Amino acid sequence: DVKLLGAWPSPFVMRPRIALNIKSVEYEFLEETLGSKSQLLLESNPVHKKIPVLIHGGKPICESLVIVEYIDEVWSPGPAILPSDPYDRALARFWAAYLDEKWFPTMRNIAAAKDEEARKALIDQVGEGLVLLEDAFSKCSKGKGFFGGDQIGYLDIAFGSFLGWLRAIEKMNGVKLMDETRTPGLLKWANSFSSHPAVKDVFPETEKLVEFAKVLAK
């Protein structure tokens, strides 16, 4: 009754997936294949032609974050994904928004860098980006293990959905962007997320993510 269109290595595809595992909503996973586009996609998401795409009642929903909020709402009876306080809720959205427009582009844009400089510059920001989210974690979690708190939340999805890749870009660049000193909470959090039940069977393997990068090469 629920169809999801994405691919094993898209962190955006992980977003509507985790959320579905939180509500216990089952779904059909319509894989896409590199370099091509299924007609069901070109059909269902004609504006961006991007994955993921949620299909619910014969209807399509687009933009991973919006799908997550829709999922939180259609299945309100289960564990709530977004926070509950109007302000707390707005915080999660600010950071998700920030992560999507600046943090991730910056971190992906690395590979494209060239002089070992720009490379550093990017990596530098990726660091500054983490120090903050380590700060946001500090208030957001109140000594609990997730942005959401005791349990997995909206901000854990958005930001956690990138761990496989960040773990992968680390390896392929001989750099560790999280460390005991500067982000000791996230280091701990990044391993209480990629192990969470709603994540552990939808989280890609760093290595597999590394073959795929080495493949997106050309």
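When you see a residue number, it is the position in the sequence shown, counting from 1.
A.B. asks: Taking the recorded C-alpha temperature factors, which stretch has the higher mean, 78-86 or 116-124?
C.D. replies: The entry gives the higher C-alpha B-factor average to 116-124.
A.B. asks: Compare the mean C-alpha B-factor of 209-217 with that of 4-12 as given in the PDB entry, and name the stretch with the higher value.
C.D. replies: Taking the mean C-alpha B-factor of 209-217 and of 4-12, the larger value falls to 209-217.
A.B. asks: What's the residue among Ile55, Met178, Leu155, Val66 with the greatest CA temperature factor in the PDB record?
C.D. replies: Result of the comparison over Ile55, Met178, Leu155, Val66: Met178.
A.B. asks: Report the third (lowest, middle or highest) to which the CA temperature factor of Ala168 belongs, ranking only the modelled residues of the same chain.
C.D. replies: For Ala168, the deposited C-alpha B-factor lands in the highest third.
A.B. asks: Where does the C-alpha B-factor of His48 rank in its chain, lowest, middle or highest third?
C.D. replies: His48: CA B-factor falls in the lowest third of its chain.
A.B. asks: Considering every modelled residue of the chain and its Cα B-factor in the PDB entry, is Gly148 in the lowest, middle or highest third?
C.D. replies: Lowest third of the chain for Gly148's C-alpha B-factor.
A.B. asks: Based on the entry's values, in what third of the chain does the Cα temperature factor of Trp189 lie: lowest, middle or highest?
C.D. replies: Middle third of the chain for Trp189's C-alpha B-factor.
A.B. asks: Ranking the modelled residues of this chain by C-alpha B-factor as given in the entry, is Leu130 in the lowest, middle or highest third?
C.D. replies: Its C-alpha B-factor, which the entry lists for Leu130, ranks in the middle third among residues of this chain.
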